[PDB]
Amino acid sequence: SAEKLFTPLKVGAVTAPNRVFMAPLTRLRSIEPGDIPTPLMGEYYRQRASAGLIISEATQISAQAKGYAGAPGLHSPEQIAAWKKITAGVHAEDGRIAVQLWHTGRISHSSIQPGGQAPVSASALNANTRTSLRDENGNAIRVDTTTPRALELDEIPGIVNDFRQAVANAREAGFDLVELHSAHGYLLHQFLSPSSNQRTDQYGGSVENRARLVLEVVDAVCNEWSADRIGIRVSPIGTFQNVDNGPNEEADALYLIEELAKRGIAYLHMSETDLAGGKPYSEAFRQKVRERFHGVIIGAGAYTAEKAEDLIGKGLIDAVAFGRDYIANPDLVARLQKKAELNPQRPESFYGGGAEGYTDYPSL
């Protein structure tokens, strides 16, 4: 039965028939060389086209943005052509799909960077974590992150332009919306957080300076396409991928949100907690966010349909993005609507490999 989860919602330029969204999910099955999406990837997304909105796996805005072997890009002609087939497949099934665009920053390794050089970031501080590469046989492997080089002030306009160009490419690729990856400790978040940003120029220090980059990017992409085509994912509260939001995380978060609201973008996607522990959002905080953003708000992070219904009913959020449940259930919408049991998850195949654990999960 449920209630609001299966009712339409206007999301920027498109209209979702339900509020059950598919969270962006890195699966690392793209073709190398070229970081090219595959027919298998298209099959996978097509199977999940009943989602109110599909948010794609993180996709590189440039070659430099690459941090994981197997992650696709949206910067080359071959990538654009391959993505065009995928979006057409989703649309053939009457679905909607947004491409999540990212620059991994310091969460990368020199071996997959242009020229095999050090990756870039706000400052020259190692992320002290690991990323995923592939071995001689194309199998996914874990490797310690390479220490980054701090972007030169004169290099920032280039980063902004790369996001702008990627969005232009997304539009031609047939995507309905674009979601800027400003969360989980990747490049944009690296600048936002004081723990990963020790810059002394105008891109470091105060929250205004730390949010300068992401806002420049938002303005650039809104100008390139249209504000109602732009979405953004943030993870402003708590600790993620070792990157911790400052000592004034709530205040800084509300500052960022008010700035984003001024651009009138399509939506605000909030990743509430990493994959491990994390303090839950208080309704008081959800209200403060709610009154500051006038577009669609998407909640995410170990959500249950019940929690989604509760929060949507309270008018605090508009939709919910499910990640792992979508990996294992292509027809999650139908299952949640019918209160049917879900397929069990197979974590060992979340990353890399082929069809097994990917297009493997049956629909009702």
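Take the two forms, find the largest set of C-alpha atoms that superpose within 1.5 Å, and that set is the rigid core. Note that residue numbering begins at 1 and tracks the sequence as displayed.
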- [ ] State which stretch is farther from the displayed form on average in 7 other deposited structures of this protein, 270 to 278 or 257 to 265, counting RMS CA distance after fitting on the rigid core.
- [x] 270 to 278
- [ ] Determine, for stretches 155 to 163 and 135 to 143, which one has the higher mean CA B-factor as deposited.
- [x] 135 to 143
Open item on the list: If you take the mean CA temperature factor per stretch, which one wins between 75 to 83 and 255 to 263?
Closed with: 255 to 263
Task: Largest Cα B-factor, entry values, listed residues 244, 176, 172, 219 - done: 244
Open item on the list: Looking at 187, 270, 97, 237, which one carries the largest C-alpha B-factor according to the PDB entry?
Closed with: 237
TODO: Comparing against every modelled residue in the chain, figure out the third that the C-alpha B-factor of residue 225 lands in (lowest, middle or highest).
DONE: middle
Open item on the list: Splitting the chain's C-alpha B-factors into thirds, which one does residue 278 fall into?
Closed with: highest
- [ ] Check where residue 130 lands among this chain's C-alpha B-factors and tell me if it's the lowest, middle or highest third.
- [x] highest
Open item on the list: How does the C-alpha B factor of residue 288 compare with the rest of the chain: lowest, middle or highest third?
Closed with: highest
- [ ] Could you say whether, by C-alpha temperature factor, residue 54 belongs to the lowest, middle or highest third of its chain?
- [x] lowest
